[PDB]
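Shown next, in structure tokens, is the structure this report addresses.
Bear in mind these aren't lab numbers, they're just calculated from the coordinates by the rules spelled out. So basically every Cβ, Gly included, is an ideal-geometry build from the backbone, and we count neighbours across all protein chains shown.
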There are 2 protein chains.
Amino acid sequence: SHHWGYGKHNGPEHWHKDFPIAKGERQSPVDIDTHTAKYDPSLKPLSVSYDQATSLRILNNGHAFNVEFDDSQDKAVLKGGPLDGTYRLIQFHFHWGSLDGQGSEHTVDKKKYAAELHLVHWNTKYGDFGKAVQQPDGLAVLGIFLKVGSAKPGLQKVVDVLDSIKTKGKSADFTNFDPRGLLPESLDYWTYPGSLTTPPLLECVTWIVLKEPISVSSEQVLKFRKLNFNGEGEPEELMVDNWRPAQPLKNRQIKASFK
Amino acid sequence: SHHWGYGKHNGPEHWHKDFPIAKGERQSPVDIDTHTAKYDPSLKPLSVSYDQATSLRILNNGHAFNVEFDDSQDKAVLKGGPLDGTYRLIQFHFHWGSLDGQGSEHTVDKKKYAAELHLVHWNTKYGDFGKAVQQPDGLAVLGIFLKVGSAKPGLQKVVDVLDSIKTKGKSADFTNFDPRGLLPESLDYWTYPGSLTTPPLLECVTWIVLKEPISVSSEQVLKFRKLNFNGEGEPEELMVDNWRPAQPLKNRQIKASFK
Ligand SMILES: [Zn+2]
Ligand SMILES: [Zn+2]
């Protein structure tokens, strides 16, 4: 049976065995070197339209936890920036560390943050997510760093339900969550063409990584670390360090929306 | 639920809705125009090594029937011709018509044959079939036309078990079958880069189409037409005309191994 994770035997260094695209030309995440990621004046402002977002459920999938949204209409969309057309929010999730000093997938001048939020969107041109993931312009992932600091009020609804989804396969109803409460005030960003950061590592993502982190409390992120990778009745494996390290940039350009 | 077939609503003209590669650059089958499919003196002879082929089962999958082989070792392999490396036989199946005058997928100067046999092989470089289908050179399909004429003795073992797999999902044990009994005397061929001829229509196939048809009797092909596309208990839909028509060659070259 096929399995993957973040452990010694099944972790990122081994993903290439079952998923040879892991050594591909457009893999994510990457380190963002601010000396070489140049301002591009042709980049437009990002348009985030989340005012009508409709969350449905929250699920522990054994790798992270996803908050899933109704993506049957343009209720929560990303437009503008480097994108053509309309990208619908389907889910968000996080990657995080075992310690406050690590957890993010993207890094900025090699700096790691405590966690990283991924808001995952698919291009409506392709009809559904399953077709979109097969296209180079299929997905747009908005990535937001989490820096340990003040508590984030808009995260607390998430933190408060995590005890109900401790183990793999558990889910809960999760309505009326406002994803606007997870955004920073500035939407200045970096963008590059990349991939899913988990198997199957498909190269279908326009990455949009925000410059400004959001602040999370030490206690809020500690709650994330109480989750389990494993199923109920299996040996405890705490859900920590579920991040893939920076991959080679290869021929790619990272463009900045800001000076 | 996702479905496809050969009917009015779900047939080849509609496959593009769920499988947009249907309109791609390397789709199969094609018409082989013998005035433009030029002899290539750099093409090697085809090496067919089926003396140790180990058949396992025969299955009605609701689209055709497959004879499946044990592909754990190099027991039945295709080498040479246009191929680099070793391609293991995994299964064979046929496409056929409702009438003797149609049924083949490839055509030769627009001529249709009563049926076409596909012997499906995967490139061992890629580890298993599931990874091979993700690569442009992942599969090699040896295609053999069936012309109505004398009975083919080597086909009779197949014909004799079809009553046991009439409907979708039925299978039977099917051991010691000799696929050499389905080959013509000459291995002269045409070759071109193409696709699966059924959804998901992946562009992963080196096609090797033999010049010389095999015969089959009018009664043998009539037996194929008694199979059902449908499952047990569903309305009868006879398994006939399970062929995709010729697709545009676009800028591809069809090379002949013979003058
Ligand atoms: Zn992610
Ligand atoms: Zn076929």
Sole miss for A:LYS23 among (1) surrounded by fewer than 18 Cβ atoms within 10 Å (Cβ to Cβ); (2) touching a residue at least 12 places away in the same chain (Cβ under 8 Å) is condition (2)
Is it the case that B:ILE208 is outside any helix (DSSP H, G or I), under 19 Å from B:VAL108 (Cα atoms), of a type outside the set (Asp, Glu) and touching a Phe, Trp or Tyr at 6+ places or on another chain (Cβ under 7 Å)? yes
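This table checks each residue for (1) in contact with a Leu (Cβ under 8 Å, 6 or more places away or on another chain); (2) within 14 Å of chain A (Cβ to nearest Cβ); (3) on the phi < 0 side of the Ramachandran plot.
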residue: B:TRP15; (1), (2), (3): yes, yes, yes
residue: B:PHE19; (1), (2), (3): yes, yes, yes
residue: B:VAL30; (1), (2), (3): yes, no, yes
residue: B:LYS38; (1), (2), (3): no, no, yes
residue: B:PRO41; (1), (2), (3): no, no, yes
residue: B:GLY62; (1), (2), (3): no, no, no
residue: B:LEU78; (1), (2), (3): yes, no, yes
residue: B:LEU83; (1), (2), (3): no, no, yes
Quick one: count up the residues across segment B:79-90 that are within 16 Å of ligand 2 (Cβ to nearest atom) and buried (at least 23 other Cβ atoms within 10 Å of the Cβ). 2
Out of curiosity, is A:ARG180 more than 30 Å from A:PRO248 (Cβ to Cβ), buried (at least 20 other Cβ atoms within 10 Å of the Cβ), more than 14 Å from chain B (Cβ to nearest Cβ) and away from ligand 1 (no atom under 14 Å from the Cβ)? no
Is at least one residue of segment A:161-175 more than 16 Å from ligand 2 (Cβ to nearest atom), small (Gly, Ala, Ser), under 19 Å from A:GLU68 (Cβ atoms) and part of a strand (DSSP E or B)? yes
Could you tell me how many of the residues in segment B:183-199 are over 16 Å from B:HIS93 (Cβ atoms) and surrounded by fewer than 20 Cβ atoms within 10 Å (Cβ to Cβ)? 6
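Among the residues of segment A:105-117, which ones are of a type outside the set (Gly, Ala, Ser), part of a strand (DSSP E or B) and in contact with a strand residue (DSSP E or B) (Cβ under 8 Å, 6 or more places away or on another chain)? So that I can check it myself, show each step before the final result.
Going residue by residue through segment A:105-117, those that are of a type outside the set (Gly, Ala, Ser) are A:105-113, A:116-117.
In the following step, the residues that additionally are part of a strand (DSSP E or B) were identified as A:107-108, A:111, A:116-117.
A:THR107, A:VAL108, A:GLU116, A:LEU117, listed by residue number.
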If you scan segment B:101-131, which residues turn out to be within 14 Å of chain A (Cβ to nearest Cβ) and closer than 13 Å to B:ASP84 by Cβ? B:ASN123, B:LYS125, B:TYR126
Regarding B:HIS106, is this residue touching a residue at least 40 places away in the same chain (Cβ under 8 Å), more than 19 Å from B:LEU56 (Cβ to Cβ) and not β-branched (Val, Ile, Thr)? yes
Enumeration of residues in segment A:98-112 that are under 11 Å from A:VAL148 (Cβ atoms) and under 13 Å from the mean Cα position of the chain (by Cα): A:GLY103
